[PDB]
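Data block below; observations after.
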Amino acid sequence: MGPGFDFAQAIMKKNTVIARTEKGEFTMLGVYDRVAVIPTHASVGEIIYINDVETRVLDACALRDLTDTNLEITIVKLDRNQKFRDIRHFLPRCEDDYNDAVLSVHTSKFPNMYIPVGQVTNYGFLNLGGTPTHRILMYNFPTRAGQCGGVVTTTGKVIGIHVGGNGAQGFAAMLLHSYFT
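When the letters of the sequence shown are read in order and numbered with my numbering, they come out as residues 191 to 371.
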């Protein structure tokens, strides 16, 4: 309906796939080449379904910071016959706070879903399902089951992926440029 939704749509239409693991269906953001991200709680194995196609996982890495704390991001390399558009130049270099974000989801359950979540706080530490987690972003929107992996964008930047919520607030894991060099 406006410039925030326009940037979010441009990312969803070219840089997302529907990923299915034994833990359910997730929005999955493709970043470059055959490299994508998904929340670590999706529990990626040797085989994943991508848009309902059986796909071999060539490599998967659950990121942790240098303090050996969970970041809740898993980087996956897919055995797919097509590259993603390279969107690494839309990733922030540093931890930050942001105005006016959109959370965008695409699954069987929630196709073509765009949520104006508003201001985004560099929250930092979160006990996420009992797991100490760093580099969390927070927004005051009552996000729901089925939005995990959703892409958080501002106009011009891809800043995080949705990893959880408490009924009032939603939480995203930061995407940083340095994860994808």
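We put the beta carbon where it would ideally sit given N, CA and C, even for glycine.
| Check | Outcome |
| --- | --- |
| Which residue from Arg275, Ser298, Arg325 puts its Cα closest to that of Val310? | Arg325 |
| Under 9 Å, do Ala291 and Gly194 count as touching if we go by C-beta distance? | yes |
| Check whether the Cβ atoms of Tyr304 and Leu327 lie closer than 9 Å to each other. | no |
| What are the boundary residues of the alpha helix (DSSP H) that includes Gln199? | 193-205 |
| Would you say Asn241 and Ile201 are within 9 Å of each other, going by their C-beta atoms? | no |
| Can you tell me which of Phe331, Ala363, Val243 puts its alpha carbon nearest to the alpha carbon of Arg270? | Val243 |
| Assuming the contact rule is C-beta atoms closer than 8 Å, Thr230 and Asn260 should be a hit. Round their C-beta distance to whole Å, please. | 7 Å |
| Identify whether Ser298 lies in helix, strand or coil by the three-state DSSP scheme. | coil |
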